[PDB]
Amino acid sequence: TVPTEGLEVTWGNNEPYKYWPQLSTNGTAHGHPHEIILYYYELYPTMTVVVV
Amino acid sequence: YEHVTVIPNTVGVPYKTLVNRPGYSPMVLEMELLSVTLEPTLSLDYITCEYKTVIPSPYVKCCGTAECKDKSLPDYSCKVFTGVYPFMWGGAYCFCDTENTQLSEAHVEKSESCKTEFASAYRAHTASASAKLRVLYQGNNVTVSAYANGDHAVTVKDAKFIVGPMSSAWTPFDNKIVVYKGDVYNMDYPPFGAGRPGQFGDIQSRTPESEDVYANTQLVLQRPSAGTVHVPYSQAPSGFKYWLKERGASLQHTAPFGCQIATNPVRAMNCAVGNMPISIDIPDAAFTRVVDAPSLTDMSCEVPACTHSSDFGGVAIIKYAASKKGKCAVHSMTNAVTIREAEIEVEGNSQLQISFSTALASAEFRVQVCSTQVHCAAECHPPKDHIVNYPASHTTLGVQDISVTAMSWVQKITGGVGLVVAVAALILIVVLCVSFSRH
Amino acid sequence: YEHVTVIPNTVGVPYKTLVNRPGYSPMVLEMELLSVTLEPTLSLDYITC
Ligand SMILES: *[C@@H]1O[C@H](CO)[C@@H](O)[C@H](O)[C@H]1NC(C)=O
């Protein structure tokens, strides 16, 4: 599981690998309906879900 | 001017900055740190090398009995065993059987392994904030390497500089740390002279050439049965036969902040946290006047398509009219936007582009060009890709992140009930006055 | 970059698609179906001569 920090993984003698996620992108729209939980699921999902 | 700034101590990210010289084109310059290399204070405590049991050739006290003389040896053991009976091809090496006793003595010393095979118990405290930074000053990649202290400014090619010193003085190291030639371990050892028998570092010495050998092997010499003309004895456990198994991961994997390991000497590598002050004076020969700058008019900027990716998923189009030919200081004033380009040659009525991004969808922003403010809008998009193999730059933001139409939606919902509170106010005054209409 | 299209199942009519990555100038490409040959899986029951 990749955090918002990113993750190191090493395997055997070969050099580790460092990984970063994107913004949980492509769950997006605006629409004539709300689609603002969509923009939220871009804009840092599952934290400050409580504010709306 | 002299310009002093403090960049966040963040390994591998290009830091762009403005150097305001009023009456001049402001020297926007790009610099980026490369190494964060700490070296803790050099203080060896003691050594642990592989011992060996030294059993000297014992003393078969034929037809008699002697005493037990004690020498000053680590884990000394001696015993006159009676009732012994020696064997060879001829059987009885002594003449009789009954009166034959035998002295048995043994102890432990160092080995020849200790010239290379050992491990330093070691005391580590405050480190040397050494580092490296590359500045792309005016198409000139100049990379320097020095320690961040505050006084040792180094100067090359019109540029003096003192990096640091480090604010966040966190170290991965503690006081107690044991080191072997390929691996360091920030673990507590027992102190010198305090090794429990059979433990990690139970044999103790200061250096590989110290003649003092603090040892603890709990050894005891048992009785041989009959004719076994040798020294049967207990077990002296070496810590070094299990000097490997307890190790687990080494501190290349226990360190936080992406911090890595350099041996002999042990440098902490690229452990990005905190911030570093850099202060650089360049005189006016690097500063071009605003009147010597081609003044831009017609600041008509826009973007074909932006995308708030990790990399420069926005690239905007500037149509412009400079006065004449010459360089121009292009600059992102806001930390949300990171232009990847320092200064551009501008000619007059012409058009070019700029590579940048933010992390949000609707970035509306004023670029600075030949000391000239220009506003421009940008609808960025959520990027298609999902895994990124590198950290991003402009994404250092907070929560107050502007949007495309949730601006309009929050305007729509603040145009909700507060108007009905104004209605509530008019109902309140109209019910107040009619109650005051009685008298 | 990636471009998923659902063209109608038409033998012998071209299709123009607007392929474009986010950030660059668009492009219009032509694809065309030529044949949709449905091969049934078979088993002989018996013959007659
Ligand atoms: C300067 O260094 C940057 C990376 O810091 C590199 O991308 C660029 O090509 C270099 N340019 C020159 C002129 O050396």
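Residues numbered from 1 in each chain as written, not as in the entry; some residues may be left out. Chains lettered and ligands numbered in written order. Part of a larger assembly, values for the part shown. Heavy atoms only, no water.

- The deposited coordinates derive from cryo-EM, with the record listing a resolution of 4.99 Å.

## Description of the interface of chain A and chain B
- Listed by partner, the interface residues are 15 residues for chain A and 20 residues for chain B.
- Approximately 1600 Å² of surface area, both sides summed, lies buried where chain A meets chain B, with 61% of it carried by carbon and sulfur atoms.
- When the area that chain A buries against chain B is broken down by residue, the three leading residues are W20, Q22 and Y44 of chain A, summing to 36%.
- Our count for the contact surface shared by chain A and chain B stands at zero salt bridges.
- Joining chain A to chain B, the criterion identifies eight residue pairs in polar contact.
- Sorting the residues of the side of chain A that touches chain B by element identifies β2 (14-21) and α1 (36-42) of chain A as the ones contributing at least two each.
- Tallied by class, residues from the side of chain A that touches chain B come to seven nonpolar, six polar and two charged.
- Inspection of the sheet shows β2 of chain A paired to strand β25 (residues 387-388) of chain B by two bridges, in the antiparallel sense. Considered in β25 of chain B, the bridge of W20 of chain A is made with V388 of chain B. (Contact = heavy atoms within 4.5 Å. Buried area = accessible area lost by both parts, 1.4 Å probe. Salt bridge = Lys/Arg side-chain N within 4 Å of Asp/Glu carboxyl O. Polar contact = N/O pair within 3.5 Å; in protein donor to acceptor, adjacent residues only side chain to side chain. Helix = DSSP H or I, 4+ residues; strand = E, 2+ residues; numbered from the N terminus. Nonpolar A, V, L, I, M, F, W, Y, C, P; charged D, E, K, R; others polar. Pairing = 2+ DSSP bridges.)

## Some thoughts on the environment of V135 of chain B
Residues and elements named next belong to chain B.
- Mapped onto the elements of the fold, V135 is located in strand β9 (residues 130-137).
- On the basis of relative accessibility, which here comes to 17%, the residue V135 falls in the buried class.
- A C-alpha to C-alpha distance of 15 Å links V135 and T10, two positions 125 residues apart in sequence.
- Residues within four places of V135 in sequence aside, it is in contact with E30, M31, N140, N141 and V142. (Buried < 20%, exposed > 50% of the residue type's maximum accessible area, 1.4 Å probe, protein only.)

## Some words on the site of the ligand
Residues and elements named next belong to chain B.
- Around the ligand, the neighbouring residues are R134, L136, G139 and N141.
- Protein contact buries 37% of the 360 Å² of open area that the ligand shows by itself.
- A breakdown of the residues in the shell around the ligand according to their chemical character gives one nonpolar, two polar and one charged. (Near = heavy atom within 4 Å. Areas by Shrake-Rupley, 256 points an atom, 1.4 Å probe, with all protein chains shown as cover.)

## So, the packing of aromatic side chains
All names here are of chain B.
- In the structure shown here, the tally under the stated rule is nine aromatic pairs over all chains.
- Judged by centre distance (5.5 Å) and plane angle (75°), the ring pair of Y85 and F87 falls under edge-to-face.
- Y85 sits in the partly exposed class, given a relative accessible area of 28%.
- A centroid spacing of 4.5 Å and a plane angle of 20° characterise the contact between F240 and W243, whose relative ring orientation is stacked. The pair formed by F240 and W243 is uniform in burial state, with each residue classed as buried.
- In this structure an aromatic cluster arises from ring pairing among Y46, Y189 and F192.
- Across from the ring centre of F192, 4.4 Å away, lies the NZ or CZ of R206, which sits over that ring.
- The ring of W409 has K412 lying over it, and the distance from NZ or CZ to the ring centre is 5.7 Å. (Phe/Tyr/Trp six-rings, centres within 6.5 Å; stacked < 30°, edge-to-face > 60°. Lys NZ or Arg CZ within 6 Å of the ring centre and 35° of its normal.)

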